[PDB]
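Enquirer:
Residue numbers (PDB author numbering), protein chains in the order written: chain A, 3940 to 4131; chain B, 4516 to 4563.
1. For residue 4013 of chain A, list the residues DSSP reports as bridge partners.
2. Name the two residues that bound the continuous beta strand (DSSP E) containing residue 4056 of chain A.
3. Since residue 3990 of chain A and residue 3973 of chain A should fall inside the 8 angstroms C-beta cutoff, what is the C-beta to C-beta distance between them, to a whole number of angstroms?
4. Which of helix, strand or coil does DSSP assign to residue 3952 of chain A?
5. Would the beta-carbon of residue 4012 of chain A fall within 7 angstroms of that of residue 4023 of chain A?
6. Report yes if the C-beta distance between residue 3945 of chain A and residue 3960 of chain A is below 7 angstroms; otherwise report no.
7. When you measure from the CB of residue 4069 of chain A to every non-hydrogen atom of the ligand NAP, does any distance come out below 6 angstroms?
8. Count the other CB atoms, across all protein chains shown, that sit within 10 Å of the CB of residue 4062 of chain A; report buried if there are 16 or more and exposed otherwise.
9. So, at 6 angstroms on beta carbons, what are the nonlocal neighbours of residue 4553 of chain B in its own chain, with the 5 sequence-adjacent residues on each side left out?
10. Give a yes or no on contact between the stretch 4052-4067 of chain A and the stretch 4524-4535 of chain B, applying the rule of three or more CB pairs nearer than 8 angstroms.
11. Any beta-carbon of chain B closer than 7 angstroms to the one on residue 4022 of chain A?
12. Under 7 angstroms between beta-carbons, which chain B residues line up against residue 4057 of chain A? List them in chain order, please.
13. How would you list, in chain order, the residues of chain B whose beta-carbon sits under 9 angstroms from the beta-carbon of residue 4054 of chain A?
14. Can you find the residues in the same chain that come closer than 6 angstroms, C-beta to C-beta, to residue 3956 of chain A, ignoring five residues on each side of it along the sequence?
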């Protein structure tokens, strides 16, 4: 039997990663334990994923302030199998919009088997809206992040880089223009 | 443009889903053999 306990922590200037896992292992696939990872980005939205595996349930949920909480729970039993995939919106963390649900049921009488698959349109459309609203959020945070690094390295923005490139190109073009004019004057003079 | 595309996609998805649910029910309202099924607007159950 193996008893595994690991902790990995990374520290830098725009986040910190802290992953703690504990568990036990027997047989060939008899693993049981928990695993919690926490990323804390000052530059971005943080995230915390929790994985749990016990002999009568596998529950994994990731919580991020930007998206919400995406979880999936699997319960296996000799008479029923239940798979649930849910996305709790950040606006209403109390509710768990079941993205999809699967029920496998065996019948102790006769020879029948029930499969029940359920999907929610409301959950799907809500997640779509959450993603389309996080797109501008991601764009803004990434733009501010790259501007912050530009200030860190040079101390400057991006639009000023555009203006600097324009002015330098204009200076070079005017140098070429005056060179052409003086060359025409020189060749005319020497021809005369 | 991304949000416009996503709006059109949500619109088309929600307009398609009722049509396909109707089509599924019409197809399943054809015959009654030993296996049985149940359809709901967001659910499908099958019995062996």
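Cβ coordinates follow ideal geometry from the N, Cα and C atoms, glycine included.
Expert: With the given structure in hand:
1. A:3997 and A:4022, per the DSSP bridge assignment.
2. 4052-4058
3. 7 angstroms
4. Coil.
5. A Cβ-Cβ contact shorter than 7 angstroms links residue 4012 of chain A with residue 4023 of chain A.
6. yes
7. Of the ligands one can find in the structure shown there are none, so the ligand NAP has no counterpart to examine.
8. Counting Cβ neighbours within 10 Å, residue 4062 of chain A comes out buried, since at least 16 surround it.
9. 4560
10. yes
11. no
12. In chain order: 4557 and 4558.
13. 4559, 4560, 4561, 4562 and 4563
14. 3949 and 3978
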